[PDB]
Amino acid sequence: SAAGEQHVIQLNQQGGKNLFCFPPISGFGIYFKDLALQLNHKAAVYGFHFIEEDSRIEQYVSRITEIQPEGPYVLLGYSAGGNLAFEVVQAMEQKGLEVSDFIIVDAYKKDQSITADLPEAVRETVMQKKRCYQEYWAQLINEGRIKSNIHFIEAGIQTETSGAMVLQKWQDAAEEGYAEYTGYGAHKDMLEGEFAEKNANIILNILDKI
């Protein structure tokens, strides 16, 4: 890493399983704060930042195994972070690590690239994580499968759904187990505010059934 800093915040008490969480496009692990509150003393919630270096994937893998030296691993990605978490899983699995389960909340398998989506000095620094994430995500392509079970949790409120997506629900990214779950609230709001709790029980139950 750049200055010796970490790129993950332990968000709640250690205990039960470790749940390694990959953020939405804004880029900051602190996003997973409400998730963490819901599962305090049920699962240890770790919220990763989007890492702007090119070595991000190795760094996530490296950080993950520092915090939890022994497999198996449970990972989660939310929204854009589902696409990113997918790569990490593949990287982990490439190295012989066991990822037992991969929880995808409101993210759709990204099969092509698209075109890339306070004083000015500070505005431009503060904003560079999201802009960098938007741009990593734009070029990103998820290929193939993972041996991890996939838990696909979609939004409970879905208002404009272009069927292109519906073929994009990760059924063909599963070597092994696959399952689908309608969660609560719309895209934007699944893991904050009122839905965090309702969606958190799902995640817990997935964790408990492992």
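Start at 1 with the first residue shown and count on from there.
Interresidue gap class [residue 117, residue 118; deposited sequence, unmodelled]: Gap size class: 4 to 9 residues without coordinates, per the record.
Of 9-17 and 188-196, the stretch whose C-alpha atoms average the higher B-factor in the entry: Taking the mean B-factor of the alpha carbons in each, 188-196 is higher.
Per the entry, higher mean C-alpha B factor between 166-174 and 179-187: Looking at the record's C-alpha B-factors, the answer is 166-174.
Top residue by Cα temperature factor, when 106, 101, 87, 135 are compared in the entry: Highest C-alpha B-factor among the listed residues goes to 135.
Given 126, 80, 91, 74, the residue at which the Cα B factor reaches its maximum: Highest CA B-factor of the listed options: 126.
Third of chain Cα B-factors occupied by residue 155: Residue 155: CA B-factor falls in the lowest third of its chain.
Third assignment of residue 45 from its chain's C-alpha B-factors: It belongs to the lowest third of the chain when residues are ordered by C-alpha B-factor.
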